[PDB]
Amino acid sequence: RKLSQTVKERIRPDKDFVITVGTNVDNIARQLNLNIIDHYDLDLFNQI
Amino acid sequence: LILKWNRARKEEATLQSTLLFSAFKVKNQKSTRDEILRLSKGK
Amino acid sequence: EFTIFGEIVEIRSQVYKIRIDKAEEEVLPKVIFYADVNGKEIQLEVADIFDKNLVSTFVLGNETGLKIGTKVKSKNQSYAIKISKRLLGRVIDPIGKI
Amino acid sequence: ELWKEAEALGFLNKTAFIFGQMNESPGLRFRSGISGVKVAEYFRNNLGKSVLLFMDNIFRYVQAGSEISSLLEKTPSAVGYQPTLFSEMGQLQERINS
Amino acid sequence: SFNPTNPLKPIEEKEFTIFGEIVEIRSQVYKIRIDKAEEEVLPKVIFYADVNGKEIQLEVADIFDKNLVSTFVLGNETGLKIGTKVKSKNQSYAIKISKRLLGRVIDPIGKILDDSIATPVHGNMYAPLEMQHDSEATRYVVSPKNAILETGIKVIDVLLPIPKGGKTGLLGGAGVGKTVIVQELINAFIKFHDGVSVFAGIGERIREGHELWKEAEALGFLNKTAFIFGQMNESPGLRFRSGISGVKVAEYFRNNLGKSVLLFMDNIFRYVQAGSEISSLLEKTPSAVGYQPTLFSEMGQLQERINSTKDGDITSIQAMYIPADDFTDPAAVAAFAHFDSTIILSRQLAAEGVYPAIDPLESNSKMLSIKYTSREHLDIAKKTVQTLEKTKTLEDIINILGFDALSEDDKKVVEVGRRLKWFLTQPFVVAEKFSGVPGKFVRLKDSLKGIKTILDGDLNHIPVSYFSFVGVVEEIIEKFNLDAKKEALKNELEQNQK
Amino acid sequence: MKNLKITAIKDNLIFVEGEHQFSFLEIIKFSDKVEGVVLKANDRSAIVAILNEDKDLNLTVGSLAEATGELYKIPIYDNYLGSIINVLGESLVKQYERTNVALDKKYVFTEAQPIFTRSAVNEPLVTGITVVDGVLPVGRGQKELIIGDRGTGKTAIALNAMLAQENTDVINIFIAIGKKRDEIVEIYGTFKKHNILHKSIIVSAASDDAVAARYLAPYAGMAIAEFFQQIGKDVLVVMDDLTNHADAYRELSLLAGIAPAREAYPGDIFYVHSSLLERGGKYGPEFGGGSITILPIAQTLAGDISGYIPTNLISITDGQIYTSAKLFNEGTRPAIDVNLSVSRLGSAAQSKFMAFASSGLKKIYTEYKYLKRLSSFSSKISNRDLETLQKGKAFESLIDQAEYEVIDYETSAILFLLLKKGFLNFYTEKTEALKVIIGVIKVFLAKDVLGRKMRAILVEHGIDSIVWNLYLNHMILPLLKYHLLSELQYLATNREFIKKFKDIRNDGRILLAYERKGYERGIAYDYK
Amino acid sequence: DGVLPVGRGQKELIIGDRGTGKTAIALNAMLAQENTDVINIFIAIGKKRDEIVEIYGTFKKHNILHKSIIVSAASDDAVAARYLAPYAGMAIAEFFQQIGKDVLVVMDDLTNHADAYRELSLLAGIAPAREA
Ligand SMILES: Nc1ncnc2c1ncn2[C@@H]1O[C@H](COP(=O)(O)OP(=O)(O)OP(=O)(O)O)[C@@H](O)[C@H]1O
Ligand SMILES: Nc1ncnc2c1ncn2[C@@H]1O[C@H](COP(=O)(O)OP(=O)(O)OP(=O)(O)O)[C@@H](O)[C@H]1O
Ligand SMILES: Nc1ncnc2c1ncn2[C@@H]1O[C@H](COP(=O)(O)OP(=O)(O)OP(=O)(O)O)[C@@H](O)[C@H]1O
Ligand SMILES: [Mg+2]
Ligand SMILES: [Mg+2]
Ligand SMILES: [Mg+2]
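As summarised from the PDB record, the model derives from cryo-EM at a stated resolution of 3.2 Å.

Per the PDB entry, chain F goes by the name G1-ATPase subunit alpha and belongs to Mycoplasma mobile 163K. Within the Protein Data Bank, this record goes by the title "Cryo-EM structure of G1-ATPase dimer from Mycoplasma mobile gliding machinery". UniProt annotates chain F under Subcellular location (unreviewed entry) with the comment "Membrane".

Within the PDB entry, the label attached to chain C reads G1-ATPase subunit beta, and the organism entered is Mycoplasma mobile 163K.

Structure below.
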């Protein structure tokens, strides 16, 4: 919820593009209707 | 867990002791009744 | 007036059996029998009435001085205490001792 | 200590104390609450005042009742308690009404 | 035709020879003093009394003197006073038995319970308490168990096979599902059985007995079933004799007609409870937990008559009640010694939604032997129970230390264990009223194939939720495939739209 | 004439002497009012448990008594309705005058009617509680136990169930065993306020009354209920509570000299409660043709449902309702734990529309709890599990309901239908908005003539009819769509939201009108 | 045989829960004496008749029947019979031992024997002790 507040604060849907990995932040972005360029899976972060 | 075990064991032990003494107190009713009779008569 | 009279025929810790000798009325449950020993009175409350004469009691207070053959009498009433507005500021026990 | 503090803080003149303490026989401990209830009833009914009854410790009333029942050779129930436990609690508590 | 070798013999005709009156009264227990008698009174005989034309029977328990006996009532005591006249034939209680009992609902003493006009049941008078045989050795000519019944329930068919000619027991606390499993077994066994069926309700609900009688009428197997009902509204004297009467009826149908009897008893704990109450009312020294001293003997006196001989088989399915969920209760310990198959129900599993709430880690079956099943069935059952035990051990580690502490093997073991646990649940045909999910009947080989597939790890991709309350594993596969197809079609449609 | 004499008074029991033919529960009359019941008897002596007391009688050794020769039968009087009575039939608080002609005399230990006199349960008993009426149905003739901890709202549930019978033909009977007098008087006042007094009786045995009175009170209440049922009336009986009754029986047995058993209760406590409770049910027309619905109440210790008396009672009744102390501590009223509760009658004790509206919601709730308590490795949640979680969270918001609030059966059915069809899942992020919309829908269905028309056509034409579908699509769904758009704007683009709310107009004038009406008694500056 | 040795003349209890394989262990002990000179006596206290018959059949199949005795007191026999069964079995064992034989005795099981004795004592009028 702190991340949701921060994203709602310092991101604009027109001049900014959001890459979301994981279901939670993907849902947050979709609710904020931001520009989701692409989506990944959380396991991708496991291997650097 | 300690609390529950202590409570349960106390309850079970008290019930067992009372039930054991029940037989002894039943088997000695006649003596009590005769003593009551002879005390009632008395002097 | 004190209507019931009798003696003590059985003793134990806190429990005493009383045999009634003279009574103008039948004993009632929970009435108080008074025993006067060495200038002090001791109250025994009726619990069980086994017979017209025999009865069992438990002591309301200290029991020192009670013994077999102690004479007891009762008004066939329960225990009573003195109550008024002069009771405020005083310290008493349940039976009214100061 | 409580009696001294009541005297020193100034509310002793409007408080009545009935003390059946752990040094007493089971009869007095068992009758303390009943005597307090009777005193409060007198204060409300005869003097037309509002009474704040205070009991401590109320568990000792139950303990004294169980001790008296054990002394009278009655079969205990639950954790060695008297069969007439809730009946005695009701007897004490039903008289504190409005 | 069939030639009986140990047939039951009807009681002997007699005249009332003992006369007396009630000198002490109590609730359910009365003392009778005998005034006139041409013979000495025997234990367990019946004294009859009449009050306003209503007959009251009292069974003899103790014989203090030549003239004084103690008795307990078989039925309602309303009407008995001091001085009521009683007469006795010096014989124990008897009921009318014949082939006409099938489809009739009676109580332990033979009172009609299915119509108000009380249509009589024809037959001969037989005394359930009096069992007659040539000698003790005759009781040892019994057939060995050599068959297993198929129930259609995955867990029971795989891990806890039910004997034919043996005894199975369903143990559990209050409201865990004993009656539902008993009704499902009745549905899956009767109408396909080469014989007759006897149901004995012992201290159970009146509504349950009415429901079962109506279901028997509706599904057409009423005429093949004999009902006996001493329920929880009856006196201790009647709840103590329901099982004896049911066993006597089964023995009549086996010894005298050469039929195989399916005996259902519910609830078999109430028989012991009623015996305990009767013993307590007669002022006898209690045993531990306040039970009667003769608890094990009383259980054996009823359980040993349920045997299988060359005339036929008597298969017993019994429900046992566990007071306060205490499985160390003396009644449970006494009952454990007689069950060839034992099925123990868990309250925690029922709370989680597992139905039937059978705990395979607490149950056992003696039919899991090479003498009765194949090698493959034994191996599958052993592997299943081992995997469930390992999963139960690992769940504590998961709960306390988190999930990442496990290895790759432990995680795979937990996944297989969860899938196995949720695959064993199954919707019952009788349980359609509770939810509405249609019942399923899974045969043994389908259950074995599904359990083997799950054990191999073939279905670890399918989420656990899909495994609950299905039949064969093909249903799980179909549901998964259809859901994946719907997801793929929706994704393709939205990507076409974008 | 007097024929007995008192010889001893021990253990609160009276020993009488005198030749007579005693019987169990035979009435012994010590005066014109004080009576006792014979417990055991020789041919010249008896042991008696008193039922009531008199100040002036002074019952002691040597007092004379009469053996009436008859059993303990309770008499029925016309003025029982709207009154509090004791076990002997004396009006402690009465509303009307009594004519001294007894309508009937009913035996206290009347045996239950046999199997052939019963009938299947097929008619609902509206308790006024949404979750009870929809997921835990109670029919006419069904025994539903109310099991719970101390101070969790069981008496409130029973009182709500009885207050819901204000506009029905069901007679309420409330048996109180060892309750507080100032609570019985408060319940009497509550009955008087809600206009159900004329059809309600209270049978009272106080906590300090005679042990025989506390033991025999439920049987006297059941005899009264049986009298009412013999003229073909539906009776709803509430026993509060059977823990006190078990305690009274244990006290009487232990003072009478009986040996103890598990938890010191006598060995036949189960028989006591089972023979008491087997006298309620649905009966065929040839045997009265009524019903006796019982709602016993019982108390657990620290939420231990596996206690001796709670499990003894569960094995007698047809399901139970469990009230949680954890839920009650969180301000959730009623604190009903649905996962631990059950009704064994099921959909057979519901109306067709109610049965269809909540067909598989209890199982969904159990699955929702199981998933919520489950810890897994893959933090990816399948669509089915997401649907289950959302529907369970939505269901959790229908339980809340104010005290003494009676919700109509059709309102509960409509709310459960809305939940089942999936319209309430979108509120998974805002629960206060869900509460507001449920309140608005309830007000609309209760007050507006179109809401009552909707409920009436739901009753007579069913859910599947075209008229009810039109009513749902033009009255209720637009309001939900408007509220969801207002509270959560992003739902305007959600795929499922578009799929469901496709041919639904975004009309929300009902909520705005009700908000205006509520705020019209509004002031710019507060006085306090 | 290897880790928990049993010698001739040693009384060795078999203790456990229900359905764990105690009777199976005792039966294995008796079946291993097929080629030896030990005499088997099996005492059943409060056991089911069908189980005893099955055990007799198992004895017959493994050719150890010709030197095996079963002393049976079923679960519905008189309580005095169940109390006296182990003593009679041990008397038979002592008869065989007095002529120089080796005897293996199995009692299944002594908890039922204690229960039978407790029932006898409570019925007779003996004061109860720990666990009655
Ligand atoms: N739905 C409700 N909403 C709000 N308050 C409620 C509700 N139901 C009950 N209460 C309140 O909660 C309190 C406890 O309820 P109640 O006295 O009925 O419970 P109980 O289980 O009968 O308790 P006790 O153990 O004292 O008999 C009471 O003050 C009651 O008014
Ligand atoms: N197979 C099942 N499927 C669904 N629900 C079930 C199943 N078995 C039991 N239940 C649930 O459990 C409840 C109790 O079942 P049942 O009547 O068989 O219990 P019981 O063990 O006989 O109880 P009691 O101790 O009261 O005799 C049912 O009403 C039902 O809600
Ligand atoms: N070595 C073994 N291998 C496989 N199964 C075995 C083995 N030993 C025993 N069993 C099985 O274990 C089960 C219990 O057998 P057994 O009769 O010895 O048990 P028990 O401990 O005496 O039980 P109870 O309490 O019923 O008397 C049976 O199903 C039997 O087939
Ligand atoms: Mg059942
Ligand atoms: Mg309450
Ligand atoms: Mg064994």
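(A) Spotlight on the interface of chain E and chain F. Every contact between the two is made by 71 residues of chain E and, on the other side, 58 residues of chain F. Here chain E and chain F share an interface that buries about 5,600 Å² over both sides, 53% of which is from carbon and sulfur atoms. For the chain E face of the interface with chain F, the top three residues by lost area are E:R205, E:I206 and E:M232, together amounting to 11%. Seen at the junction of chain E and chain F, the total is 4 salt bridges.

(B) Fine view of the interface of chain B and chain D. Taken together, the contact pairs 5 residues of chain B with 7 residues of chain D. In this assembly, chain B packs against chain D so that about 400 Å² is buried in total across both faces, 63% of it on carbon and sulfur atoms. The largest contributions to the chain B side of the interface with chain D come from B:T14, B:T18 and B:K25, which together make up 67% of the buried area. The interface formed by chain B and chain D includes 0 salt bridges. Here chain B and chain D share 1 residue pair in polar contact between them. Broken down by class, the residue content of the side of chain B that touches chain D amounts to 1 nonpolar, 2 polar and 2 charged.

(C) Here's a closer look at the pattern of salt bridges. Within the structure shown, the criterion is met by 68 salt bridges over all chains. The shortest N-O distance in the salt bridge between A:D16 and A:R12 comes to 3.1 Å. Overall, A:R12 belongs to the partly exposed group, its relative accessible area being 37%. Linked through salt bridges whose partners overlap, the residues forming this network are E:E204, E:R205, E:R207, E:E208, E:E211 and F:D318.

(D) Broad picture of the UniProt feature "binding site: Mg(2+) 1" (unreviewed entry) in chain F. All names here are of chain F. Those places that UniProt annotates as "binding site: Mg(2+) 1" (unreviewed entry) correspond, in this numbering, to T155 and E183. What stands out for the annotated residues spanning 29 residues is how close their C-alpha atoms remain, the widest pair being 10.6 Å apart. Inspection of the secondary structure puts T155 in helix α2 (residues 154-163). Sequence-distant contacts of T155, that is, excluding residues within four places in its chain, are made with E183, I187, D240 and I297. Relative to the helices and strands, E183 resides in helix α3 (residues 181-193).

(E) Seen up close, the site of ligand 1. Residues and elements named next belong to chain F. Near ligand 1 the following residues occur: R150, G151, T152, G153, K154, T155, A156, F328, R333, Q401, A402 and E403. Within the side chain of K154, a nitrogen or oxygen atom sits 2.8 Å from an oxygen atom of ligand 1. Between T155 and ligand 1, the recorded distance is 2.4 Å, taken from a side-chain N or O atom to an oxygen atom. When residues of the shell around ligand 1 are assigned to their parent elements, the largest contribution, 3 residues, is made by α2. Residues belonging to the shell around ligand 1 are distributed by class as follows: 3 nonpolar, 5 polar and 4 charged.

(F) Quick peek at the pairing of strand β17 (residues 341-344) of chain E. Residues and elements named next belong to chain E. Residues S341 and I343 of β17 are buried on one face, and the alternating residues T342 and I344, pointing to the opposite face, are buried as well. Bridge analysis of β17 against strand β18 (residues 364-365) gives 2 bridges, and the strand direction is antiparallel. When the sheet's bridge partners are listed, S341 is paired in β18 with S365.

(G) Structural view of the site of ligand 3. The full set of residues close to ligand 3 is E:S365, E:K366, G:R18, G:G19, G:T20, G:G21, G:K22, G:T23 and G:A24. Each of chains E and G places residues next to ligand 3. At 3.2 Å from an oxygen atom of ligand 3 is found a main-chain nitrogen or oxygen belonging to G:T20. Within the backbone of G:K22, a nitrogen or oxygen atom sits 3.1 Å from an oxygen atom of ligand 3. With 3 residues, helix α1 (residues 22-31) of chain G is the single largest residue contributor to the shell around ligand 3. Looking at the shell around ligand 3 residue by residue, the class counts come to 1 nonpolar, 5 polar and 3 charged.

(H) Region of interest: the sheet that holds strand β1 (residues 18-24) of chain E. Residue and element names in this part refer to chain E. The antiparallel closed barrel is built from 6 strands, whose spatial order is β1-β2-β5-β4-β3-β6. Going from strand to strand, the sheet's axes swing by 40° on average, the running direction of each strand aside. Bridge count between strand β3 (residues 46-51) and strand β4 (residues 54-63): 6 bridges; the pairing is antiparallel. By the bridge assignment, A49 is partnered in β4 with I56.

(I) Spatial organisation of the packing of helix α6 (residues 268-281) of chain E against helix α7 (residues 295-303) of chain E. Residue and element names in this part refer to chain E. Running from N to C, α6 and α7 point in directions that differ by 135°, and their axes come no closer than 10 Å. Classified by the angle between their axes, α6 and α7 sit oblique to one another. Regarding α6 and α7, the two cross each other, and that crossing is right-handed. Contact residues: α6 offers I268, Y271, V272 and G275, while α7 offers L295, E298, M299, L302 and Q303. Considered class by class, the residues forming the contact of α6 with α7 number 6 nonpolar, 2 polar and 1 charged.

(J) Layout of the packing of helix α4 (residues 211-229) of chain F against helix α6 (residues 269-277) of chain F. All names here are of chain F. The N-to-C vectors of α4 and α6 enclose an angle of 20°; their axes lie 10 Å apart at closest approach. It follows from the interaxial angle that α4 and α6 lie roughly parallel. By crossing handedness, the relation of α4 to α6 is classed as left-handed. Every residue of α6 that contacts α4 at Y215, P218, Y219 and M222 is listed here: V272, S275 and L276. Split into classes, the residues belonging to the contact of α4 with α6 amount to 6 nonpolar, 1 polar and no charged.

(K) Broad picture of the nonpolar core. All names here are of chain F. In this structure, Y72, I173, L216, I224, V237 and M239 are the most contacted members of the largest nonpolar core, which totals 125 residues. Counting residues per element, this core draws most heavily on α4, at 14 residues. Once you skip the residues sitting within four places of it in the chain, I173 turns out to touch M162, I201, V203, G221, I224, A225, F228, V235, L236, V237 and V238. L163, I196, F395 and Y471 belong to the second largest nonpolar core, which has 83 residues in total.

Criteria and thresholds
Residues numbered from 1 in each chain as written, not as in the entry; some residues may be left out. Chains lettered and ligands numbered in written order. Part of a larger assembly, values for the part shown. Heavy atoms only, no water. UniProt positions renumbered as here; feature names shortened; annotations may be inferred. Contact = heavy atoms within 4.5 Å. Buried area = accessible area lost by both parts, 1.4 Å probe. Salt bridge = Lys/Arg side-chain N within 4 Å of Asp/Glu carboxyl O. Polar contact = N/O pair within 3.5 Å; in protein donor to acceptor, adjacent residues only side chain to side chain. Nonpolar A, V, L, I, M, F, W, Y, C, P; charged D, E, K, R; others polar. Buried < 20%, exposed > 50% of the residue type's maximum accessible area, 1.4 Å probe, protein only. Helix = DSSP H or I, 4+ residues; strand = E, 2+ residues; numbered from the N terminus. Near = heavy atom within 4 Å. Pairing = 2+ DSSP bridges. Axes fitted to C-alpha atoms, helices over the stretch in contact; angles between N-to-C directions. Parallel < 35°, antiparallel > 145°, perpendicular 65-115°, else oblique. Left-handed = near helix turned anticlockwise from the far one by under 90°. Core = buried A, V, L, I, M, F, W, Y, C linked by side-chain atoms within 4.5 Å.

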